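Peer 1: Sharing a structure, written as structure tokens. Questions coming.
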Amino acid sequence: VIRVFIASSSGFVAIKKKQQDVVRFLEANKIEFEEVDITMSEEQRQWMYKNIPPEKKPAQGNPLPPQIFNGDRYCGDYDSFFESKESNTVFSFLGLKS
Amino acid sequence: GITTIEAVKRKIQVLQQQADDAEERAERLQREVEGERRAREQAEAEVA
Amino acid sequence: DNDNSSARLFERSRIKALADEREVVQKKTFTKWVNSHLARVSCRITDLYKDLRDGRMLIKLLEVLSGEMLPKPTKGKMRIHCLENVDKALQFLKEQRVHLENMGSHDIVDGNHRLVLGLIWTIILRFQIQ
Amino acid sequence: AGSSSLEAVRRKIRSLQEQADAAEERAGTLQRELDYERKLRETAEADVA
Amino acid sequence: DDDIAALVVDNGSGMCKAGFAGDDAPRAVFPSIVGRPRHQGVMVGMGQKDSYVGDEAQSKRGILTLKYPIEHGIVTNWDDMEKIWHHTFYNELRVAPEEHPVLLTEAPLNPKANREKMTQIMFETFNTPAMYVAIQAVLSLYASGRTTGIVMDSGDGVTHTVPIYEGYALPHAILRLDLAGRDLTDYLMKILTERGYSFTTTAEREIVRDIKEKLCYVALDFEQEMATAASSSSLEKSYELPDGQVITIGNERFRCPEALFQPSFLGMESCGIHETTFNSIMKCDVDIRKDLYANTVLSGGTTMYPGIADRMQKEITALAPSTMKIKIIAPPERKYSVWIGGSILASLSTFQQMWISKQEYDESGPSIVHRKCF
Amino acid sequence: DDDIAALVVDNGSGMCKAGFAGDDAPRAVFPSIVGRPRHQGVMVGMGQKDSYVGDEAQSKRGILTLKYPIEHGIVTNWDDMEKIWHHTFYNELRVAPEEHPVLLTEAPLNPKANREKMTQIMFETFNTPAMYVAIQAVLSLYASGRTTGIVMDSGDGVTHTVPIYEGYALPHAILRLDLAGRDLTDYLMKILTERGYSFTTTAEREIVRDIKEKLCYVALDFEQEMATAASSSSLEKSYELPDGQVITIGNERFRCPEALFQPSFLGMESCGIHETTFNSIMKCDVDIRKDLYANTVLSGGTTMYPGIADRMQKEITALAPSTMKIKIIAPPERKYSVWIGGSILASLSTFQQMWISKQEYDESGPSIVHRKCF
Amino acid sequence: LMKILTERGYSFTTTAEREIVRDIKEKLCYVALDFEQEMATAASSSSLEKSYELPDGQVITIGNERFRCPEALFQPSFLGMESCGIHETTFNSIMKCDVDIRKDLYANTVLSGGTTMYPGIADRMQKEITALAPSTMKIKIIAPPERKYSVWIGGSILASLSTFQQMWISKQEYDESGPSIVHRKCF
Amino acid sequence: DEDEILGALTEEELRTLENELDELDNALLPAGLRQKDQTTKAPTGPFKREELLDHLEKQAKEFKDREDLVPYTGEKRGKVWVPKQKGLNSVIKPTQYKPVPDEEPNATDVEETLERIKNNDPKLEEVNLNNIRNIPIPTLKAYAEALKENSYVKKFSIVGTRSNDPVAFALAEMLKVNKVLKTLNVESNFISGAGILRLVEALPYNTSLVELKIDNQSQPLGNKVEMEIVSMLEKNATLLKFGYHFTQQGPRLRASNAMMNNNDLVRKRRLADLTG
Ligand SMILES: Nc1ncnc2c1ncn2[C@@H]1O[C@H](COP(=O)(O)OP(=O)(O)O)[C@@H](O)[C@H]1O
Ligand SMILES: Nc1ncnc2c1ncn2[C@@H]1O[C@H](COP(=O)(O)OP(=O)(O)O)[C@@H](O)[C@H]1O
């Protein structure tokens, strides 16, 4: 099932816009999903930190909130989502068969 | 054309007509209420 | 409270009538003085309150009396253009060491009777014809 | 925003319309002021009598 | 005689406008889009001069990715914005930037580095002799011809309301809502998706924006429009795509702009635009609220929906006391009024002291803009 | 019946503190917030419960909207306040209110109906045997341990100064200024928008308040510290958001509480805290001013920024005549003083005369409080 | 009035709202003939309530505060002052005079100033002075309707007299004797 | 020379301006019908997306490349500023507060509860419908209609059900009929000002409801609406608790005074019963 890691309260507008963009895309196409708040629960955020492959980390600080998983297998961040959005390779990006 | 010239003309003195009529009405009411105020003051001094 | 009504009657009739006497007669007196100096240029005033409200003719007045070249009036039909035009004449009066207070561009543009009449009276009194 | 002359014509039309509109809105206030003053002078004359 | 005045450049979030000062209409109007080749190096580098700018960028929607240099009123990419300014100066206006001053606009509440970067780019790259930065909502009041009222400006990326009384502005009553045209476009795509028509890429973003511009209106009563649209198909309209394929919008026409008044549809914790205007009015003093009620001014492209003025009048009249009179002013030319304000501001003589000189700039650095502007 | 111990409830705008009388510290301290479900979400893991109260509401910030029942020291919403009282009595202390007397705290100058409504709610909803309403600043002077001095109280909702000389309070010199920590939180949001970080939601307001409580200090000299912050990078401090990002406050650390001493930053007409205290002293009689200068007492959470005592001593010494001496008394435990003096007041033997009995309420209605309590 | 209007919940703190409070005081205040009965009557019923309209369009209700604000003239202890009221001040000023001239001063009490225009000051003042004075002396309160401008009007009477043309301070006298001439020339 | 200015404008634009002045727009027309149609062709097909994408790509491929006069080299034509030259460091972390156990979701059948209300069941005492997925508003109207004749239910809550104005109208019709419902809860709904006004309009007709909670609506009530609630709340005397946050201060004061008077009447009748 699609799991989006989101932060309900953030100091940056772009993070909110990206999270709502992902939620809008998932809601528009009848896609099965579920959301987990990283600010509400500490253990889920800590699990999200070590779930990420080391090559896609920011060089500076913790990774950005919007992350997409299905089950326990990792799909990508917002940037890879946008690449798949324009390349029309979205269902392969999330892993659901079209 | 000539028809557009006449239409522009007609709109010009129509709008000028409402402007002039409204200004004339305002002027008439202004002077008339001034005279009315003078009459009211001269009437009230006698009660005083 | 009939005595309160009597005092309201007094301040409504007597004070306002005694003010309006002097206001009307002084405005009529000032109209002739401004039209005499404005007669040399092709200009004339029909109403003192309405005509001084663009500010161009006040600049004409100051230019005629001073006989010295004022800054060129800004062309424009907006309210702010009139404000800036009146501000030019007010600044010229200020730099000629003529004292004005409670005098603004928006006071002239809004057509306040007392301030317009006071401006004309101060121009009559303190400004030098020369 | 097709040309400056068009928008200037619009601005002149707006000025010509709003002059009449403001003058009518002032005339209404003048009329009610006149009615109030007439009522006052009628009451004053009755009190004189 | 001062090299035919300054150049007024209004850079909105969605579209850019530019023209000479003293002219009553902008000369150059074009969207702010930087389109790039997607992934392909097919057929001897098709997509030559990779940075595609403006109308010529929007012509090649099929083979390019369309990217906006300005997001939410803030410049994310500065090379793209430099490209936009260079294309404005040298390709359409075609005048020397070193011979004329430049006037620029900005939203009220922004990060402080934006003004410094604008000053640094305008002086170091284009070598302009003088420059100034102003606030868009003040220029809207300049264009409206008034000096007292509350001004609302809703662009493609930001909405903001400022009050001004007798030429004096109150900084504590300025409100900034992040509810604008792009959110409306995304909501229109979202509600169109479950109807049966799916739009994903930026080439469809332009089409959805065109559909919203041509066929959208603000409902006076929302539940009445629910009942009327459910009962009959009289409200339905037909849109024609660039290759036949005529589609029917229908119920969505008045559902997109309702997110302006109810942000719950967009899933954002924010108040309505009428509530924002009312709260900005109530934060002012007691004696000046009457003039602000009687001088409400609308501006921006987002306010170009039909039937928004009377709807906002009804909503404000509900909130306001019944004794006052509500006066919503919506000029038909309001979409350009911000730029028109610039054309008024540079024309005044008393504004000549407000220019930031280059000789003043190279003594103080980019920090002169804070003490010189606003 | 010495077993019957009164309950002391200090009731501020920000937090509520409750505990048994005669104790050193309040047993329960928690913010008075009533959180309610959002409209944008269709809720995650909430059952038949309608609202969340206090700490559990603070934990689930992401799915709720947070509301404060007490507004500027005035209870606008009485049902929410009743919920706060029920949570205090049944979830925090786990004691039946029908057995113990209740002591409450209340601002000096406020609507008359507030005391009557509090007495009404106590005697009818909770059916307490006895109750009493006390003023906060007198309790602060009780906790200080002296009977002579001027009490300055700054809470989350209101600031007020009262003078007391030898157990006699002067009602004509009491001053109430509406400048508290919540306005400072809103100003911190406004000046954090300047750097680039944006906080709009009430949960973001809680984040901003938590930033302010830890990273704000009052400068002894403002002009020195502005130049120091501009010159070097020594004043920056880093804070971690719940999402994971790191922000740097820097210059704003001494700019947020400076609005206490200069309200013109907020657009407010009124004067600063030191001017208010000086005016309250000069309203008094001539020969009691010497004792009032030497016994100035600080109170409230808002007065726990570092460096308030030195700044306020310097300001009053600048205002006061040079031949007199100024003493500022800031206990390290002052944040709970309004509670602690109350725990003293219920412990006195003669205070058993002051209890409002159930019978007296039954004959005299809710108007007994005006003749019974100051 | 601002302090007791805070008691009902309406807040006025700025200098601009002080003029609004002054207008409220001028329009909706009066002096009660008996203070305790008026308080009891105002507590019993709502017939004494009045409504005022704020400049922003909000509506407030004064009610009990109509007669409490002018009562501070007769009881300064409401304001924290320990001084006596205006009636006691007038009676004390009468008692400081000689015995022979007290009757004429009792019969010729004149009110003036804009503060003396609350509805019912004349009757209350007559009642209080009659209570203080002996029964044989009869009190006579004189208050012209246009008392607010009386200080001006007598001045217009004063400058038109023929004797007053010799009572000026000349420019030459001031130039000779400095600014200290006003103490010799004026009372 | 305005005539010369109009002559400088296009002659077709002159006809357009005359017709536009005659048109003065479409204020008489409703807002839906004011804006013009784009095309006249009827809708066709199910909108295959790939044809649109292929035609857009083809149109992008066959297009003139316009040649700009000035290419962008990114050169600098100005002077560089060159400014003049002359644990304690630990990062503070926020408070975690305390985790809260997850509440068990509401499991109450809608149809069974509605049937039990329709059957006038003695055992059913309290009805709770808070936080239920996608409740039908005809079903809510049926609940409001059916609970009129049920005298065995005392508490009713519809918090977080996305209720709208018709539900408020149905409840307004309810409150005149029923004499048993002690508590009503309509918080966190989408009821506008008119529905709240219609709800408080039913208060003078019944003397059995002692608690109302209308807080946390999606849109604010306004001045006129609150003016109506406070006046016809002063009409009613039975109501004991009213849950709302008033923006305006005068209505807030009057509502507080009225509710205080109601509870004072309750206290007075208790004292009168105690005396006998
Ligand atoms: N004719 C129109 N009808 C309806 N909406 C429009 C129209 N023109 C533009 N818009 C909306 O306004 C937006 C453009 O606003 P714009 O004025 O470019 O904002 P900015 O202030 O950033 O320049 C578009 O995204 C579109 O949603
Ligand atoms: N340690 C602290 N340092 C600085 N400010 C604080 C601190 N603790 C609390 N505050 C401020 O004081 C407010 C709480 O004050 P409080 O003592 O609860 O007042 P009251 O009890 O009268 O409501 C908070 O809003 C916060 O802004």
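For the structure tokens, the naming scheme is as follows: chains receive sequential letters (A, B, ...) according to their order of presentation, residues are indexed from 1 within each chain, and ligands are indexed from 1 in presentation order.
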Quick one: residues within 7 Å of ligand 2, with only C-alpha atoms and all ligand atoms, as a PDB file with N, CA and C atoms, in the first residue's frame?
Peer 2:
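For reference, out-v6.pdb as written:
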ATOM      1  N   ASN F  11      -5.209  30.557  37.322  1.00  0.00           N
ATOM      2  CA  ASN F  11      -5.925  30.475  36.051  1.00  0.00           C
ATOM      3  C   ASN F  11      -5.447  31.599  35.141  1.00  0.00           C
ATOM      4  N   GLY F  12      -4.388  31.332  34.380  1.00  0.00           N
ATOM      5  CA  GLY F  12      -3.872  32.301  33.441  1.00  0.00           C
ATOM      6  C   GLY F  12      -4.412  32.098  32.038  1.00  0.00           C
ATOM      7  N   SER F  13      -4.022  33.016  31.150  1.00  0.00           N
ATOM      8  CA  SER F  13      -4.426  32.906  29.753  1.00  0.00           C
ATOM      9  C   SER F  13      -3.719  31.747  29.061  1.00  0.00           C
ATOM     10  N   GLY F  14      -2.447  31.528  29.379  1.00  0.00           N
ATOM     11  CA  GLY F  14      -1.675  30.496  28.718  1.00  0.00           C
ATOM     12  C   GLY F  14      -1.806  29.121  29.341  1.00  0.00           C
ATOM     13  N   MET F  15      -1.494  29.010  30.630  1.00  0.00           N
ATOM     14  CA  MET F  15      -1.489  27.731  31.321  1.00  0.00           C
ATOM     15  C   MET F  15      -2.338  27.815  32.580  1.00  0.00           C
ATOM     16  N   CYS F  16      -2.838  26.658  32.999  1.00  0.00           N
ATOM     17  CA  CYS F  16      -3.557  26.500  34.252  1.00  0.00           C
ATOM     18  C   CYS F  16      -2.706  25.671  35.201  1.00  0.00           C
ATOM     19  N   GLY F 155       1.649  38.295  32.198  1.00  0.00           N
ATOM     20  CA  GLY F 155       1.323  36.926  31.864  1.00  0.00           C
ATOM     21  C   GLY F 155       1.228  36.688  30.374  1.00  0.00           C
ATOM     22  N   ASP F 156       0.470  35.667  29.982  1.00  0.00           N
ATOM     23  CA  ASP F 156       0.249  35.381  28.572  1.00  0.00           C
ATOM     24  C   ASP F 156      -0.867  36.218  27.966  1.00  0.00           C
ATOM     25  N   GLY F 157      -1.645  36.926  28.782  1.00  0.00           N
ATOM     26  CA  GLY F 157      -2.780  37.662  28.267  1.00  0.00           C
ATOM     27  C   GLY F 157      -2.823  39.143  28.585  1.00  0.00           C
ATOM     28  N   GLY F 181       2.687  38.005  26.237  1.00  0.00           N
ATOM     29  CA  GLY F 181       3.540  37.125  25.460  1.00  0.00           C
ATOM     30  C   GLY F 181       2.930  36.636  24.165  1.00  0.00           C
ATOM     31  N   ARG F 182       1.600  36.633  24.062  1.00  0.00           N
ATOM     32  CA  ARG F 182       0.961  36.178  22.830  1.00  0.00           C
ATOM     33  C   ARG F 182       1.177  37.176  21.697  1.00  0.00           C
ATOM     34  N   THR F 185       4.531  36.550  20.517  1.00  0.00           N
ATOM     35  CA  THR F 185       4.565  35.388  19.631  1.00  0.00           C
ATOM     36  C   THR F 185       4.133  35.760  18.215  1.00  0.00           C
ATOM     37  N   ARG F 209       6.059  29.794  19.651  1.00  0.00           N
ATOM     38  CA  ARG F 209       6.104  30.064  21.086  1.00  0.00           C
ATOM     39  C   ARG F 209       7.209  29.266  21.770  1.00  0.00           C
ATOM     40  N   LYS F 212      10.384  30.977  21.056  1.00  0.00           N
ATOM     41  CA  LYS F 212      10.528  32.220  21.811  1.00  0.00           C
ATOM     42  C   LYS F 212      10.919  31.955  23.259  1.00  0.00           C
ATOM     43  N   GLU F 213      10.337  30.919  23.871  1.00  0.00           N
ATOM     44  CA  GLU F 213      10.631  30.623  25.270  1.00  0.00           C
ATOM     45  C   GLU F 213      12.079  30.205  25.499  1.00  0.00           C
ATOM     46  N   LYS F 214      12.790  29.780  24.457  1.00  0.00           N
ATOM     47  CA  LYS F 214      14.136  29.251  24.620  1.00  0.00           C
ATOM     48  C   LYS F 214      15.219  30.111  23.986  1.00  0.00           C
ATOM     49  N   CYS F 216      15.020  33.691  23.219  1.00  0.00           N
ATOM     50  CA  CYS F 216      14.810  35.130  23.311  1.00  0.00           C
ATOM     51  C   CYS F 216      15.399  35.668  24.608  1.00  0.00           C
ATOM     52  N   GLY F 300       5.179  36.622  36.832  1.00  0.00           N
ATOM     53  CA  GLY F 300       4.662  36.119  35.579  1.00  0.00           C
ATOM     54  C   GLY F 300       5.738  35.477  34.717  1.00  0.00           C
ATOM     55  N   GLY F 301       5.289  34.596  33.819  1.00  0.00           N
ATOM     56  CA  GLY F 301       6.217  33.897  32.944  1.00  0.00           C
ATOM     57  C   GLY F 301       6.897  34.812  31.943  1.00  0.00           C
ATOM     58  N   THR F 302       6.165  35.813  31.443  1.00  0.00           N
ATOM     59  CA  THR F 302       6.702  36.753  30.464  1.00  0.00           C
ATOM     60  C   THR F 302       7.915  37.505  31.006  1.00  0.00           C
ATOM     61  N   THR F 303       8.021  37.644  32.326  1.00  0.00           N
ATOM     62  CA  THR F 303       9.161  38.294  32.951  1.00  0.00           C
ATOM     63  C   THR F 303      10.327  37.342  33.210  1.00  0.00           C
ATOM     64  N   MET F 304      10.424  36.226  32.480  1.00  0.00           N
ATOM     65  CA  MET F 304      11.561  35.325  32.634  1.00  0.00           C
ATOM     66  C   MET F 304      12.517  35.339  31.444  1.00  0.00           C
ATOM     67  N   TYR F 305      12.471  36.365  30.603  1.00  0.00           N
ATOM     68  CA  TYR F 305      13.539  36.529  29.629  1.00  0.00           C
ATOM     69  C   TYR F 305      14.807  36.984  30.350  1.00  0.00           C
ATOM     70  N   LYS F 335       7.796  32.444  38.375  1.00  0.00           N
ATOM     71  CA  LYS F 335       6.808  31.971  37.407  1.00  0.00           C
ATOM     72  C   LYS F 335       5.575  31.380  38.078  1.00  0.00           C
TER      73      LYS F 335
END
Peer 1: Over all Cα atoms paired in order, how far apart are chain F and chain E after a least-squares superposition, as an RMSD in Å?
Peer 2: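 Overlaying the two chains on their C-alpha atoms yields 1.1 Å.
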Peer 1: Using the chain letters and numbers from this document, which residues of region 10-98 of chain A does DSSP assign to helix (DSSP H, G or I), as a PyMOL selection string?
Peer 2: chain A and resi 13-28+42-51+78-87+90-94
Peer 1: For C-alpha atoms, I'd like the residues from the last selection saved as a CSV table (one decimal), in the first residue's frame.
Peer 2:
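File produced: out_33.csv:
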chain,number,residue,atom,x,y,z
A,13,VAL,CA,6.0,26.7,2.1
A,14,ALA,CA,7.6,24.5,-0.6
A,15,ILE,CA,7.5,21.4,1.6
A,16,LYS,CA,3.7,21.9,2.2
A,17,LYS,CA,3.1,22.5,-1.5
A,18,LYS,CA,5.0,19.3,-2.5
A,19,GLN,CA,3.2,17.2,0.1
A,20,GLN,CA,-0.2,18.5,-1.0
A,21,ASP,CA,0.9,17.9,-4.7
A,22,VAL,CA,1.6,14.3,-3.9
A,23,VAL,CA,-1.7,13.9,-1.9
A,24,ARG,CA,-3.6,15.5,-4.8
A,25,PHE,CA,-2.1,13.2,-7.4
A,26,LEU,CA,-2.8,10.1,-5.2
A,27,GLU,CA,-6.4,11.2,-4.6
A,28,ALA,CA,-7.2,12.1,-8.2
A,42,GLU,CA,9.2,9.9,16.5
A,43,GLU,CA,9.8,6.2,15.8
A,44,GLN,CA,8.2,6.3,12.3
A,45,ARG,CA,10.5,9.3,11.4
A,46,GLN,CA,13.6,7.5,12.7
A,47,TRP,CA,12.6,4.4,10.7
A,48,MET,CA,12.2,6.6,7.6
A,49,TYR,CA,15.7,8.0,8.2
A,50,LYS,CA,17.4,4.6,7.9
A,51,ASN,CA,14.9,3.3,5.3
A,78,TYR,CA,9.3,14.4,-4.7
A,79,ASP,CA,11.9,15.1,-7.4
A,80,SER,CA,11.9,11.5,-8.8
A,81,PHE,CA,8.1,11.7,-8.6
A,82,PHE,CA,8.1,14.8,-10.8
A,83,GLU,CA,10.5,13.1,-13.2
A,84,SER,CA,8.2,10.2,-13.5
A,85,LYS,CA,5.2,12.6,-13.7
A,86,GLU,CA,6.6,14.2,-16.9
A,87,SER,CA,8.1,11.1,-18.3
A,90,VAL,CA,4.3,7.0,-12.7
A,91,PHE,CA,2.8,3.6,-12.2
A,92,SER,CA,6.2,2.0,-12.6
A,93,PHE,CA,7.6,4.6,-10.1
A,94,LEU,CA,5.0,3.7,-7.5
Peer 1: Using only C-alpha atoms, which residues of chain G come within 9 Å of chain F, and what is the closest atom pair for each, with the distance in Å to one decimal? Give it as CSV, sorted by chain and residue number.
Peer 2:
residue,atom,partner,partner_atom,distance
G:3,CA,F:109,CA,8.8
G:6,CA,F:110,CA,6.8
G:7,CA,F:111,CA,4.7
G:8,CA,F:111,CA,5.2
G:9,CA,F:111,CA,5.1
G:10,CA,F:111,CA,8.7
G:13,CA,F:270,CA,7.9
G:14,CA,F:269,CA,6.2
G:15,CA,F:269,CA,8.0
G:78,CA,F:172,CA,9.0
G:79,CA,F:172,CA,6.8
G:80,CA,F:172,CA,6.1
Peer 1: Using only C-alpha atoms, determine which residues lie at most 12 Å from region 158-162 of chain H, disregarding the query and same-chain residues fewer than 5 positions distant; provide the list as a PyMOL selection string.
Peer 2: (chain E and resi 264) or (chain F and resi 36-43+46-51) or (chain H and resi 126-137+139-141+143-144+167-168+171+183-192+213-218)
Peer 1: Counting only C-alpha atoms, which residues of chain H come no farther than 12 Å from chain D, as a ChimeraX atom specification?
Peer 2: /H:1-10,13-14,17,20-21
Peer 1: Output N, CA and C atoms for every residue in the selection just made, as a PDB file, in the first residue's frame.
Peer 2:
ATOM      1  N   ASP H   1      -7.575  66.914 -28.349  1.00  0.00           N
ATOM      2  CA  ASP H   1      -8.358  66.541 -29.521  1.00  0.00           C
ATOM      3  C   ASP H   1      -8.859  65.105 -29.407  1.00  0.00           C
ATOM      4  N   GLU H   2      -9.973  64.928 -28.690  1.00  0.00           N
ATOM      5  CA  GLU H   2     -10.531  63.592 -28.499  1.00  0.00           C
ATOM      6  C   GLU H   2     -11.105  63.026 -29.791  1.00  0.00           C
ATOM      7  N   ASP H   3     -11.625  63.889 -30.670  1.00  0.00           N
ATOM      8  CA  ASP H   3     -12.099  63.428 -31.971  1.00  0.00           C
ATOM      9  C   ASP H   3     -10.950  62.889 -32.814  1.00  0.00           C
ATOM     10  N   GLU H   4      -9.798  63.565 -32.778  1.00  0.00           N
ATOM     11  CA  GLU H   4      -8.620  63.063 -33.481  1.00  0.00           C
ATOM     12  C   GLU H   4      -8.103  61.779 -32.843  1.00  0.00           C
ATOM     13  N   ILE H   5      -8.266  61.640 -31.525  1.00  0.00           N
ATOM     14  CA  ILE H   5      -7.858  60.413 -30.843  1.00  0.00           C
ATOM     15  C   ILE H   5      -8.734  59.246 -31.278  1.00  0.00           C
ATOM     16  N   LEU H   6     -10.045  59.481 -31.383  1.00  0.00           N
ATOM     17  CA  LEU H   6     -10.952  58.440 -31.859  1.00  0.00           C
ATOM     18  C   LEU H   6     -10.724  58.127 -33.332  1.00  0.00           C
ATOM     19  N   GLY H   7     -10.348  59.133 -34.126  1.00  0.00           N
ATOM     20  CA  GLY H   7      -9.970  58.874 -35.506  1.00  0.00           C
ATOM     21  C   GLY H   7      -8.696  58.058 -35.615  1.00  0.00           C
ATOM     22  N   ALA H   8      -7.761  58.264 -34.683  1.00  0.00           N
ATOM     23  CA  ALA H   8      -6.546  57.455 -34.650  1.00  0.00           C
ATOM     24  C   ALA H   8      -6.848  56.003 -34.308  1.00  0.00           C
ATOM     25  N   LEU H   9      -7.916  55.755 -33.551  1.00  0.00           N
ATOM     26  CA  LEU H   9      -8.355  54.391 -33.303  1.00  0.00           C
ATOM     27  C   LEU H   9      -8.948  53.792 -34.573  1.00  0.00           C
ATOM     28  N   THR H  10      -8.994  52.462 -34.616  1.00  0.00           N
ATOM     29  CA  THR H  10      -9.486  51.761 -35.794  1.00  0.00           C
ATOM     30  C   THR H  10     -10.981  51.995 -35.987  1.00  0.00           C
ATOM     31  N   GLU H  13     -12.871  49.148 -34.642  1.00  0.00           N
ATOM     32  CA  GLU H  13     -12.882  49.367 -33.204  1.00  0.00           C
ATOM     33  C   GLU H  13     -13.856  50.459 -32.785  1.00  0.00           C
ATOM     34  N   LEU H  14     -14.150  51.429 -33.652  1.00  0.00           N
ATOM     35  CA  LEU H  14     -15.177  52.422 -33.355  1.00  0.00           C
ATOM     36  C   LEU H  14     -16.572  51.808 -33.296  1.00  0.00           C
ATOM     37  N   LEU H  17     -16.670  49.833 -30.150  1.00  0.00           N
ATOM     38  CA  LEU H  17     -16.825  50.679 -28.971  1.00  0.00           C
ATOM     39  C   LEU H  17     -18.253  51.194 -28.837  1.00  0.00           C
ATOM     40  N   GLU H  20     -20.247  48.295 -27.621  1.00  0.00           N
ATOM     41  CA  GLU H  20     -19.920  47.990 -26.232  1.00  0.00           C
ATOM     42  C   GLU H  20     -20.537  49.008 -25.281  1.00  0.00           C
ATOM     43  N   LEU H  21     -20.563  50.282 -25.681  1.00  0.00           N
ATOM     44  CA  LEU H  21     -21.249  51.297 -24.890  1.00  0.00           C
ATOM     45  C   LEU H  21     -22.749  51.046 -24.849  1.00  0.00           C
TER      46      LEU H  21
END
Peer 1: Compile the contact shell of region 235-243 of chain E as a PyMOL selection string: residues with an atom at most 7 Å away, counting only C-alpha atoms, same-chain residues fewer than 3 positions apart removed.
Peer 2: (chain E and resi 229+246-251) or (chain H and resi 32+38-39+43+52+55)
Peer 1: Limited to N, CA and C atoms, could you put the picked residues into a file as a short mmCIF file (atom, residue, chain, number, x, y, z; two decimals), in the first residue's frame?
Peer 2:
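Contents of again_2.cif, as written:
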data_model
loop_
_atom_site.label_atom_id
_atom_site.label_comp_id
_atom_site.auth_asym_id
_atom_site.auth_seq_id
_atom_site.Cartn_x
_atom_site.Cartn_y
_atom_site.Cartn_z
N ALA E 229 -27.08 22.72 -11.36
CA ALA E 229 -26.23 21.89 -12.21
C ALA E 229 -26.67 20.43 -12.16
N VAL E 246 -13.70 17.78 -28.78
CA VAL E 246 -14.48 18.72 -27.99
C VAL E 246 -14.95 18.04 -26.71
N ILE E 247 -14.68 18.69 -25.57
CA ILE E 247 -15.06 18.16 -24.27
C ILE E 247 -16.02 19.15 -23.61
N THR E 248 -16.76 18.64 -22.63
CA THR E 248 -17.75 19.42 -21.89
C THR E 248 -17.27 19.58 -20.45
N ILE E 249 -17.15 20.82 -20.00
CA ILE E 249 -16.70 21.07 -18.63
C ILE E 249 -17.81 20.78 -17.64
N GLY E 250 -18.94 21.49 -17.76
CA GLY E 250 -20.10 21.19 -16.95
C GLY E 250 -20.06 21.71 -15.53
N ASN E 251 -20.10 20.79 -14.56
CA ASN E 251 -20.20 21.15 -13.15
C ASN E 251 -18.95 21.86 -12.63
N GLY H 32 -23.44 32.61 -14.57
CA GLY H 32 -23.08 31.47 -15.40
C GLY H 32 -23.14 31.77 -16.88
N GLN H 38 -16.76 29.26 -26.34
CA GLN H 38 -15.50 29.24 -27.08
C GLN H 38 -15.71 28.77 -28.52
N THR H 39 -16.34 27.60 -28.69
CA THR H 39 -16.61 27.05 -30.01
C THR H 39 -18.04 26.54 -30.06
N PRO H 43 -19.61 18.09 -28.49
CA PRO H 43 -18.59 17.17 -27.97
C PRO H 43 -18.54 15.87 -28.75
N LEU H 52 -3.93 13.47 -28.42
CA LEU H 52 -3.62 14.85 -28.05
C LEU H 52 -2.12 15.03 -27.83
N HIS H 55 -0.30 14.86 -31.28
CA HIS H 55 -0.48 16.05 -32.09
C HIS H 55 0.26 17.25 -31.51
#
Peer 1: Can you list, as a ChimeraX atom specification, every protein, DNA or RNA residue that comes within 10 Å of residue 292 (chain F) when you count only C-alpha atoms, leaving out same-chain residues fewer than 3 positions away?
Peer 2: /F:148-151,163-165,281-282,284,287-289,295-297,326-327
Peer 1: Near chain E, meaning an atom within 10 Å, which residues of chain C appear when counting only C-alpha atoms? Write them as a ChimeraX atom specification.
Peer 2: /C:73-81,84,87-88,106
Peer 1: Distance CA of residue 52 (chain G)-CA of residue 231 (chain H), one decimal place?
Peer 2: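 Between CA of residue 52 (chain G) and CA of residue 231 (chain H) the gap works out to 17.4 Å.
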